[PDB]
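Notes to accompany the following structure.
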Amino acid sequence: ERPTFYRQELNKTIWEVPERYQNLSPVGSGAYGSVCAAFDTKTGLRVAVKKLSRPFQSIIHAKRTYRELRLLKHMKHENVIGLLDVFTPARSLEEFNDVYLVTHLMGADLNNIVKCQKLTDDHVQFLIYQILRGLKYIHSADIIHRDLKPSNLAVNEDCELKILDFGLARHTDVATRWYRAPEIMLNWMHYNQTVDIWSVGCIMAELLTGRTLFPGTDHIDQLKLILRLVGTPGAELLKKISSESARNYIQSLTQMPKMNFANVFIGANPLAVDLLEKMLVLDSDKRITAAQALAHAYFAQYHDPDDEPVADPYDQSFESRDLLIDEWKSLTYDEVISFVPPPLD
Ligand SMILES: Nc1ccccc1Nc1ccc(C(=O)c2ccccc2)cc1
Ligand SMILES: CCCCCCCCO[C@@H]1O[C@H](CO)[C@@H](O)[C@H](O)[C@H]1O
Ligand SMILES: CCCCCCCCO[C@@H]1O[C@H](CO)[C@@H](O)[C@H](O)[C@H]1O
């Protein structure tokens, strides 16, 4: 049953993977692990293999490992990262120290294919459609991404797109704040799912114009540039702000009106402009949802209400728990062992 493993060293780190994975080649890394391209001899497809970095170093790393594995085991949608395989070279819990995750290799992300460049209107429709199709699914399981940015959006040669949990922050050969909802930067501590729609708006704008929509130098500059486009908060939004200091500061600003978006995005498909107007609203309760956005006329050539599925319910109850490092490790180990690969279809 247990496959036979082999060892090699890659960028000062040891990789121990089953023989089925061949021609490991680094493609990059992030805060939580390093990623290699490989050939999967079982399917004949190319895969991405992520080795998590120091998965059980602290209580927080351990819980973060468990969270990532539990999440990735639940995602089963064409526009969301899915797990082909999860393995460890350990034969038992006592020696369990390394965790590797496997997904379909995409080969690029939207940090790249922007090229700092204009994409055509039809390419924008298709890419933003797939993003929203993925988010409808994610949001239906009451998961909010919260950190959407071009690097989270993996794209293959067919322009097929998947949302990653974490992309490559470094590529073996773009500020995150640029894509953040204003409520995130104000530390609201309670979020709507439409925090992610804000980010989509930012990405859609950039693809249509070739320019970063709000290239702030910091969170304060970021908000300054946002208010410039969308205007200062209205009385209706103001009613909903409990924070006295946030309210007092906002009300003390030289008040500004919402710009005419048609003027800002001159030349763009008016349907795209209309959709941008419905994503980029300060008040998160008035932003369009992923489900509503799919049914916007902009996506008429793609929208299929019978092929935009929702997710099985997802149990996030472990988030409220405070466990020992060996308990998170053991729970993660149980998840490695219970893993059922998808069919080769
Ligand atoms: N997050 C995670 C979880 C489990 C396994 C892997 C990952 N992470 C990635 C998945 C796919 C890719 C790419 O296909 C890619 C993107 C940009 C450039 C080259 C290739 C990159 C990272
Ligand atoms: C599979 C697609 C859904 C992915 C949902 C989780 C995306 C990552 O979630 C991010 O994790 C970070 C580190 O833990 C946190 O600091 C961020 O607040 C959070 O947005
Ligand atoms: C310059 C600062 C203005 C930013 C105002 C952001 C308002 C975001 O919108 C708020 O989102 C909350 C969820 O986080 C909801 O609870 C509120 O009902 C909603 O109005």
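For the single chain, residues carry numbers from 1 onward in sequence order.
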Checking side-chain contact (heavy atoms from CB on, under 4.5 Å) for the pair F318/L323: CA distance, chi angles, key distance, verdict?
-> CA-CA 9 Å; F318 75 89; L323 304 177; over 6 Å; no
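Taking the side chain as every heavy atom from C-beta outward, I325 and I59 approach each other to under 4.5 Å. Residues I226 and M185 form a side-chain contact, since some pair of their non-hydrogen atoms from C-beta on lies under 4.5 Å apart. Inter-residue side-chain proximity for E68 and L101 is flagged as met; some heavy-atom pair is nearer than 4.5 Å. Side-chain contact check for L127 versus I113: some heavy-atom pair is nearer than 4.5 Å. At a threshold of 4.5 Å between non-hydrogen side-chain atoms, the residues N79 and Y137 do not count as touching. Put simply, the side chain of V86 does not reach to within 4.5 Å of the side chain of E335, judged on heavy atoms. Under the 4.5 Å side-chain criterion, counting only non-hydrogen atoms from C-beta, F56 is in contact with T332.
A salt bridge between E236 and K286 is present, with a side-chain N of the basic residue lying under 4.0 Å from a carboxylate O of the acidic one. With respect to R287 and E183, a salt bridge is recorded, a charged nitrogen being found less than 4.0 Å from a carboxylate O.
In terms of modelled atom types and a separation under 3.5 Å, the side chain of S25 and the main chain of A37 share no donor-acceptor contact. With hydrogens and angles ignored, the 3.5 Å screen pairs a side-chain donor or acceptor of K149 with a backbone N or O of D147. Under a 3.5 Å cut-off, the side chain of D122 and the backbone N or O of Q125 do not form any donor-acceptor pair. With hydrogens and angles disregarded, a donor-acceptor distance shorter than 3.5 Å links the side chain of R2 to the backbone of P89. Within the 3.5 Å criterion, the main-chain N or O of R46 finds no donor-acceptor partner in the side chain of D40.
With 3.5 Å as the limit, one finds a donor-acceptor pair spanning the side chains of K73 and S338. For the residue pair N156 and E160, a side-chain donor N or O sits within less than 3.5 Å of a side-chain acceptor on the partner. Under the 3.5 Å distance criterion, with hydrogens and angles disregarded, a donor-acceptor pair is assigned to the side chains of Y129 and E308. Side-chain contact, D85 with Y21: a donor N or O sits under 3.5 Å from an acceptor N or O. Counted by atom type alone, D121 and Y298 present one or more donor-acceptor pairs between their side chains at under 3.5 Å. Remark: the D315 side chain and the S317 side chain contain an N/O donor-acceptor pair separated by less than 3.5 Å.
Aromatic ring pairs are classed by plane angle as parallel below 30°, tilted from 30° to 60° and perpendicular above 60°; the pair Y66 and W328 is tilted. Between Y314 and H74, the ring planes lie tilted relative to each other; the angle falls in the 30° to 60° range. Aromatic ring pairs are classed by plane angle as parallel below 30°, tilted from 30° to 60° and perpendicular above 60°; the pair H296 and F299 is perpendicular.
Here the straight-line distance linking atom CG of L52 with atom CG of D98 works out to 9.5 Å at 0.5 Å rounding.
Other residues, nucleotides and ligands contribute at most 12 non-hydrogen atoms within 6.0 Å of the NZ atom of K42.
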